[PDB]
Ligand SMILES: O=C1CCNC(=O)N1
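One chain comes next, on its own, written out as structure tokens in the form deposited without the named molecule.
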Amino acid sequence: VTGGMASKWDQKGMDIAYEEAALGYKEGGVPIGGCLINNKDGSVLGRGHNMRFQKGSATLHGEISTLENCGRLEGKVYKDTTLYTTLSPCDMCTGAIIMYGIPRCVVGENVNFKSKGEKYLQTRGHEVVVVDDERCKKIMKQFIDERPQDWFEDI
């Protein structure tokens, strides 16, 4: 575990992110999932997965889909949340975290994918905890085993 320490809702958050990745996988998309949790009370504001294949979407990464599914929120709500993602965030999803002032991002794995985003979050004073979750590494591997041209065309 790099980038910080686990906190009390991190098992719940990563479990939901993984469930969303597994749902996306079963739909025929890239298994990338997320959810946004209130750090105070553990409430789930929203959950989502990557909709690139499901909707032919350029922008609906797992983190963007998760934020879309939370709906419109007052800016102050995002300030004590953690965004859970099964996969290290790209520059756009990094940008979402910074723009909304989401203080903390918990990342399943950064072996299959890492951008300059991960470092940039730390440059901008955000917390990025990489938990190296084997369940996230395994489902991404099953997608890449089946659909390497879909994966390497995306990244």
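Position 1 is the first residue in the sequence shown; the rest follow in order. So that the term is clear: the rigid core is the largest set of C-alpha atoms that superpose within 1.5 Å between two forms. Only residues modelled in both forms are compared.
**Student:** Read off the CA B-factors in the entry, average them over 35-43 and over 92-100, and name the higher stretch.
**Tutor:** Taking the mean C-alpha B-factor of 35-43 and of 92-100, the larger value falls to 35-43.
**Student:** Sorting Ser57, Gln122, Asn110, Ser65 by Cα temperature factor from the record, which one lands on top?
**Tutor:** Answer, based on the entry's C-alpha B-factors: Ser57.
**Student:** For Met14, return the chain-relative third of its C-alpha B-factor as stated in the PDB record: lowest, middle or highest.
**Tutor:** According to the entry, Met14 has a C-alpha B-factor in the chain's middle third.
**Student:** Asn50: which third of its chain by C-alpha temperature factor?
**Tutor:** Tercile = lowest for this residue's CA B-factor.
**Student:** Which third, lowest, middle or highest, does the CA B-factor of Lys114 fall in along this chain?
**Tutor:** Tercile = highest for this residue's CA B-factor.
In what follows, reference is made to the form deposited with the named molecule bound, a form of this protein that is not presented.
**Student:** Out of the stretches listed (66-74, 83-91, 123-131, 35-43), which one is close to the named molecule in the deposited complex, meaning heavy atoms within 4.5 Å?
**Tutor:** The contacting stretch is 83-91.
**Student:** So, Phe113 and the named molecule: in the deposited complex, are they within 4.5 Å at any heavy atom pair?
**Tutor:** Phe113: yes, in contact with the named molecule in the deposited complex.
**Student:** Evaluate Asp154 for contact with the named molecule in the deposited complex, applying a 4.5 angstroms cut-off between non-hydrogen atoms, and reply yes or no.
**Tutor:** Yes, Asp154 lies within 4.5 Å of the named molecule in the deposited complex.
**Student:** With the partner left out here, which residues of 51-78 have a non-hydrogen atom within 4.5 Å of the named molecule in the deposited complex?
**Tutor:** Read in sequence order, the residues that approach the named molecule (within 4.5 Å, in the deposited complex) are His61, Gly62, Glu63.
**Student:** What stretches, three or more residues long, have all their C-alphas moved by 2 Å or more between the shown form and the other one when the rigid core is held in place?
**Tutor:** Residues 144-146, 152-155 form the runs that move by 2 Å or more between the shown form and the other one.
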